[PDB]
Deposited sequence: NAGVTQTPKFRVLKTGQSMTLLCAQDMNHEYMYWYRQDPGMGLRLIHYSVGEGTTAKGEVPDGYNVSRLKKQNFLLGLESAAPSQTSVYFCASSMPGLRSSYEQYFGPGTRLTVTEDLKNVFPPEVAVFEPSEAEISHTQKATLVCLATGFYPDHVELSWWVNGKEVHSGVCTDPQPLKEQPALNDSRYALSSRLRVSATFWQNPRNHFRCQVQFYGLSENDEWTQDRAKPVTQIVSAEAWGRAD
């Protein structure tokens, strides 16, 4: 840890420019920029062996880099193309433990039109009475639909506290229109608790979907609200 990436998510129109920033306060001389794609593994774009120097990796075409200071390594996209839709990871190391320390990754999506960007609709489905009576357990389902790009973070909150145990979210969102190009996405999650915990009318359950959308410095000329970074939630009280 200790390597930071800014932004964590970004949606871009084809032909538009952007800069990915990677910061580190471990006084590591070496910094790297990678991209990760299905079936292609982790591929090096560019790397730096020190302040001021940059060298080409395996896939440098379409990207530029800069190492103005030792702490920062910048990755530029001059004219974004749909082939540059990827997860980008930065890393750093100190030669002379010299393993690479990675950042959390940046999810980049290149779309033909920013009009295609949509926040999710979120709904919670209450546990089945048949499940409860047979198993003494209760599964709540959260469903997030109609969102584009697939830049979401789903989480469960029970009595105002973020829950991790008894939760499972789909590893990948599914395409609502598999045939189409700029299809919107759907993602489900489940939370399973004891039947007695669900039957308490004092217990509060909330599904939260953090959506990453347009930045403040993005042109918006459309009928609806600007699909900015927001939190879309759905909740349910425990029912006796």
If I number the deposited sequence starting at 1, which residue ranges have no C-alpha coordinates at all?
1, 98-100, 245
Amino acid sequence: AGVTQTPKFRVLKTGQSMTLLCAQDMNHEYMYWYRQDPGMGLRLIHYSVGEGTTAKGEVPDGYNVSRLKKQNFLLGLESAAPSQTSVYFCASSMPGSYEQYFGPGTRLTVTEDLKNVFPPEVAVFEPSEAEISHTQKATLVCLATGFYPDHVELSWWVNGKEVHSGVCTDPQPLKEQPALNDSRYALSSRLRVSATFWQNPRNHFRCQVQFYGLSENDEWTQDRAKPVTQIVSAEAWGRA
From here on, numbers count along this sequence of modelled residues.
Could you check which stretch, 40-48 or 22-30, carries the larger mean CA temperature factor in the entry?
22-30
Using the B-factors recorded in the PDB entry, average over the C-alpha atoms of 179-187 and of 204-212, then report which stretch comes out higher.
179-187
Out of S128, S86, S97, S155, residue topping the C-alpha B-factor column of the entry
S97
By the record's CA B-factor, is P82 among the lowest, middle or highest third of residues in the chain?
highest
Comparing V117 with the other modelled residues of its chain, is its CA B-factor in the lowest, middle or highest third?
middle
Against its chain's modelled residues, does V228's Cα B factor rank lowest, middle or highest third?
middle
Among all modelled residues of this chain, ranked by Cα B factor, put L174 in the bottom, middle or top third, i.e. lowest, middle or highest.
middle
In terms of the CA temperature factor given in the entry, to which third of its chain does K69 belong: lowest, middle or highest?
highest
